[PDB]
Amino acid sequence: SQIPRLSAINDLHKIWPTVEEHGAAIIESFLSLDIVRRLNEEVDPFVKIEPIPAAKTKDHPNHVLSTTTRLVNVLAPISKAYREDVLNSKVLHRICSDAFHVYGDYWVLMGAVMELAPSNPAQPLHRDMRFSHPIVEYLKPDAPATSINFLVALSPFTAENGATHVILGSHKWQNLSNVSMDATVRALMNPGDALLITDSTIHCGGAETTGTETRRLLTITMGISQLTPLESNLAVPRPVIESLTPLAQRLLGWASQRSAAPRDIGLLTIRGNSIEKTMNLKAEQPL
């Protein structure tokens, strides 16, 4: 059985339910090729600069990602297309509100562009959040997902060039004795298509076997506002933050957050008042 494929527009209401059941779904045309085109140009440089994940100058080195991997996060000040189009995506917000209504508000735990060099090896089968949020390992096995991961194709995803592997149903697995590449199916996708998975879905990047092609993706980890992001937007110029929608500002942590609790007392408040009120934060001011 292959990964369910759904229309971003016509099947929007079916997307989260499908992921809730199977643990994965391909969203066809999640982003328009226009947005993909612009985003690829805006991050195009920043990919080639980034040192090796475990670079000596980095004070928080990533010792897990392969040396043939390049990751660039904190995209707001880099990409207009990201901070305007992606962070206000009607599809992304309908899915996230469907997934996280039991917990309350959500934000970006990490938005990053990943580029795999040719002959990049397959990643080991894994669950996300294990190198950042140990707490997730202590949740009851039937606890609803506290984070989801949109893996958006910025280049063609094929069997040969290392398209993502997933084990359908693996988000409900307590016993991991069955975990093997034998149990996986491939996320074959065009640029703008998105693989949506949960923090419990067992998956891995495929092997780049062409020796010529470079695979690029935008990974958006959306999580509940009760969990700390992997990335900080604190250093983002205030003119850039004031150029965003109020909703985009909230996703980057430049706003107070609410829990779903009946009499919610809130998160990141200042004596009963919000970040954005206290600091007189403007919205949608052009640069």
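The first residue of the sequence shown is number 1, and the count goes up from there.
Between 208 to 216 and 101 to 109, it is 208 to 216 that carries the larger average Cα temperature factor according to the deposited entry. Comparing the deposited coordinates for 50 to 58 and 238 to 246, the stretch with the larger average C-alpha B-factor is 50 to 58.
In the PDB entry, the Cα temperature factor peaks, among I35, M222, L230, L227, at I35. Out of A145, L176, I95, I197, it is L176 whose C-alpha atom has the highest B-factor in the PDB entry. The deposited CA B-factor of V19 belongs to the lowest third of values across its chain. Among all modelled residues in this chain, the alpha-carbon of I78 has a temperature factor (C-alpha) in the highest third. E160 sits in the highest third of its chain by CA B factor, as recorded in the PDB entry.
Per the PDB record, residue ranking by Cα B-factor puts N190 in the highest third of the chain. For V64, the recorded CA temperature factor ranks within the highest third of the chain's modelled residues.
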